[PDB]
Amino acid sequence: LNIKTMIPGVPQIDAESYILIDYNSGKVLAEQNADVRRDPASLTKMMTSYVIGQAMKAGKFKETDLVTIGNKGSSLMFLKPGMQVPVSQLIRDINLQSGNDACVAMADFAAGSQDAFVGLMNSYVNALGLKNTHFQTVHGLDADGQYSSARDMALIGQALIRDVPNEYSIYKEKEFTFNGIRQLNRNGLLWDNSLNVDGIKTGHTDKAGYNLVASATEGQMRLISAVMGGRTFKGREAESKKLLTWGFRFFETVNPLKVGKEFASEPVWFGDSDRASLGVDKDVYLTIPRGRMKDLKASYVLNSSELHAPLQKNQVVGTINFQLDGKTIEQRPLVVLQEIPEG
């Protein structure tokens, strides 16, 4: 009992707010001040990249398309007017280097104007159900009022990975060439040999402190951490590494039932067949203490005493309950997997 039922202590995190979630289940493994509104500084570019990823996924444009820069000269850091740059290069400037010029150029290219691009950003905020995030600019600079939170930023990270995988794949690139010049990925954790980190966005600003949204995997398990208002330079990577490491040590993500697989069969009355195949219409992912998988139990309850046809595909006919130590930890609709017409 005592060791199988212990709640692990959480490491001290030297930051104003953080959260650690599992990418597949959405389970929150740990949190402190995760909903407090803070300035995300350049984490904003994570949403910029999300919008761009969605546009490219919809086929609005492709990586090979050329973008013409429009309306500093002493720094090869600013994009010069008239300059033509492939989308492939601009999006890496944003994702790897958090380049400000690239954000503006891509905003105009994808949405016509920066303000219209910001509207799209805030539309996605609402589509993702984020309650503590609002944007003013596409780069997070002349926007003293932009805000997000540890939870919301983790959720944006989750959406990037989930909704636009082709955009997310770029984040693990350690290096790229912007017009003949080699540039590094600013996310130092990519070089950490201890974890398998492949994202996402690190930023710092005097006003907002250190900020990082990171994602790492171990096997098929993936965690996302957002640490905001990091207090010191030496903790900028270390604090999230500690959190991710702890997550992998004490928790495990299981996939007890896949979509379309038969969890159970039940007799059907008045139908074209006498047996209904029952399961789920969305994959089930559960995050439980590591080493408890064998104790996980599943059962179901039907809505009615008997099933009668007709039954539509994905029709809800009951509840599947997942439990551990007698605690129901997850409940899902139990659905009919194959249509059964009246007959």
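Throughout, we count residues from 1 along the sequence that is shown.
According to the entry, the deposited sequence has 10 or more residues without coordinates between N71 and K72. The PDB entry reports B-factors from which the mean C-alpha value can be compared for 44-52 and 272-280; the larger average falls on 272-280. The mean C-alpha temperature factor is higher for 263-271 when 114-122 and 263-271 are set side by side. Each of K201, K80, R222, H134 has a CA temperature factor in the record; the biggest one is found at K80. Considering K207, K242, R92, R186 together, the PDB entry gives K207 the largest C-alpha B factor. Among all modelled residues in its chain, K174 ranks in the middle third by Cα B-factor.
Ranked against the other modelled residues of its chain, the C-alpha B-factor of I21 as given in the entry falls in the lowest third.
Among the modelled residues of its chain, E252 has a C-alpha B-factor that falls in the middle third, as given in the PDB entry.
Ranked by C-alpha B-factor against the other modelled residues of its chain, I329 falls in the highest third. Among all modelled residues in its chain, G157 ranks in the lowest third by Cα B-factor.
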